[PDB]
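In what follows, residues are counted from 1 in the order of the sequence shown. Any value given below was found using the heavy atoms of this structure, including those in side chains, with hydrogens, waters and symmetry copies removed.
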Amino acid sequence: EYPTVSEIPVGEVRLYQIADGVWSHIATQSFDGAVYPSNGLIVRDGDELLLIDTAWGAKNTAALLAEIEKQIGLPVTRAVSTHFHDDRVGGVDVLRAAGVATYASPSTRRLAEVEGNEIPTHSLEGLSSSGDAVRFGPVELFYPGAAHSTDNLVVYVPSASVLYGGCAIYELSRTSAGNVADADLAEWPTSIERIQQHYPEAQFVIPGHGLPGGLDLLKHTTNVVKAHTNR
Ligand SMILES: O=C(O)/C(S)=C/c1c(Cl)ccc(Cl)c1Cl
Ligand SMILES: [Zn+2]
Ligand SMILES: [Zn+2]
């Protein structure tokens, strides 16, 4: 019932309603001859929408905006990218051209620039130290510390008890560490524990790639990271 790769062709995007006024968006990308799924979030804020992450590329992100317009019919006025990789910021120029205000932490903006990736316009203050949280419209943004990346943010929707872990949290079917080129393996379990401490009441946990679940995804990710550490 949650959409998988086989159900989403290259260039298409699906929306999945998680709770009232909260959806994930699901897209796919092909690389190195394999196909990968990717998630972001959409949160209603009155008569407008907040977008969390792009749909991994310009073409997908254009399709995302068109699917939002068709299915939901409310304007995306702001978008937050939760770290600097292309699955999170690829498509920011499309958002910007469409009149969406784009945001990321100054840490993410800096790393995107170094990588040659698209750079969200606005800088989110107040997220520089592990454990920091700020409200942004209908969500809380939380910097748990370095994990999948040094800049990774998580997002919580308090009205719906939805925690969007982004790429710091792995789906259950993922048993090996992916590409950890930019990760802080040493800190990742501690950063996960900060998420658990701050959001123990979360009822839905959305990873950056793959199937949602509950808070078990946190300990799952810790297990995978620690096994990789000991490789
Ligand atoms: O495992 C993940 O969640 C991500 S974002 C992997 C990745 C990395 Cl490490 C660099 C670059 C790109 Cl494009 C991707 Cl997809
Ligand atoms: Zn990443
Ligand atoms: Zn990712």
Side-chain angles (χ1 to χ4, degrees), residues 2 5 18 24-29 31-32 34-42 51-57 60-61 64 79-92 103-105 107-112 114-115 117-118 120 124 127 130 139 141-156 162-192 194-196 199 202 204-213 215-229:
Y2 198 80
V5 157
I18 296 162
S24 62
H25 60 85
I26 310 91
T28 59
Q29 203 41 270
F31 186 67
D32 259 17
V35 181
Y36 301 90
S38 191
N39 298 317
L41 208 69
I42 303 162
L51 177 65
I52 310 297
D53 293 322
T54 67
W56 200 351
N60 284 350
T61 301
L64 170 64
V80 172
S81 294
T82 60
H83 71 278
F84 76 99
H85 291 154
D86 195 50
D87 61 331
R88 307 295 120 193
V89 300
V92 155
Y103 296 77
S105 77
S107 179
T108 296
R109 295 181 70 262
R110 175 179 291 119
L111 290 165
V114 167
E115 199 69 27
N117 288 357
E118 293 159 66
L124 296 166
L127 291 165
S130 303
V139 307
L141 307 177
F142 183 66
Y143 175 52
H148 165 79
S149 66
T150 62
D151 60 322
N152 48 206
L153 302 181
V154 309
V155 180
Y156 188 63
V162 173
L163 175 63
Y164 174 85
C167 304
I169 301 301
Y170 284 12
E171 75 167 320
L172 299 179
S173 75
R174 197 159 164 202
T175 65
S176 81
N179 184 350
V180 292
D182 299 323
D184 191 321
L185 293 171
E187 290 301 325
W188 193 337
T190 299
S191 303
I192 286 175
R194 293 199 187 84
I195 299 169
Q196 172 65 53
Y199 304 112
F204 312 88
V205 181
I206 304 165
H209 308 270
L211 267 41
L215 277 162
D216 288 351
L217 273 63
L218 307 197
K219 187 58 171 182
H220 172 70
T221 307
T222 295
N223 297 339
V224 172
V225 164
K226 285 186 177 193
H228 187 257
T229 293

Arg110, CZ atom: more than 12 neighbouring heavy atoms under 6.0 Å | no
Value rounded to 0.5 Å, distance of [atom1] in [X] from [atom2] in [Y]:
X: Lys226; Y: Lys219; atom1: NZ; atom2: NZ; answer: 5.5 Å
X: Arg174; Y: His220; atom1: CZ; atom2: NE2; answer: 8.5 Å
X: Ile42; Y: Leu51; atom1: CD1; atom2: CG; answer: 6.5 Å
X: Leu41; Y: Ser24; atom1: CG; atom2: OG; answer: 7.0 Å
X: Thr222; Y: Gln196; atom1: OG1; atom2: CD; answer: 9.5 Å
X: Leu141; Y: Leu153; atom1: CG; atom2: CG; answer: 6.5 Å

Where is the tightest heavy-atom contact between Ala177 and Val224, given as atom of each residue plus distance?
-> N-CG1, 3.7 Å
Show your reasoning for whether side-chain contact (heavy atoms from CB on, under 4.5 Å) applies to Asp184 and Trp188.
-> CA-CA 6 Å; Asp184 191 321; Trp188 193 337; 5.9 Å; no
What I'd like to find out is whether the side chain of [X] reaches to under 4.5 Å of the side chain of [Y], using heavy atoms alone.
X: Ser130; Y: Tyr143; answer: yes
X: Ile206; Y: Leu163; answer: no
X: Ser81; Y: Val92; answer: yes
X: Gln29; Y: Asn60; answer: yes
X: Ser173; Y: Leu211; answer: no
X: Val80; Y: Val155; answer: no
X: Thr82; Y: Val154; answer: no

What is the ring orientation for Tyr36 with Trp56, classed by angle as parallel under 30°, tilted 30 to 60°, or perpendicular over 60°?
-> tilted
With distance as the sole criterion, is a donor-acceptor pair present between the side chains of [X] and [Y] under 3.5 Å?
X: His83; Y: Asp182; value: no
X: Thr175; Y: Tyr170; value: no
X: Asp151; Y: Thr108; value: yes

Does the [X] side chain pair with the main chain of [Y], one donor and one acceptor, at a distance under 3.5 Å?
X: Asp53; Y: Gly40; value: no
X: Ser191; Y: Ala146; value: yes
X: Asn152; Y: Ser149; value: yes
X: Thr54; Y: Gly90; value: yes
X: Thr61; Y: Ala55; value: yes
X: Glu187; Y: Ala147; value: no
X: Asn39; Y: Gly166; value: no
X: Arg109; Y: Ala104; value: no

Just do the side-chain contact (heavy atoms from CB on, under 4.5 Å) check on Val180 and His228 with the steps written out, would you?
-> CA-CA 10 Å; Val180 292; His228 187 257; 3.6 Å; yes
Report the C-alpha distance between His209 and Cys167 in whole Å, list the side-chain angles of each, state the deciding distance to 0.1 Å, and finish with yes or no for side-chain contact (heavy atoms from CB on, under 4.5 Å).
-> CA-CA 7 Å; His209 308 270; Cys167 304; 3.4 Å; yes
Does the pair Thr150 and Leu111 meet the rule for a side-chain contact (heavy atoms from CB on, under 4.5 Å), with working shown?
-> CA-CA 9 Å; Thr150 62; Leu111 290 165; 3.5 Å; yes
Ring centre gap for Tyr164 and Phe204 strictly below 6.0 Å | no
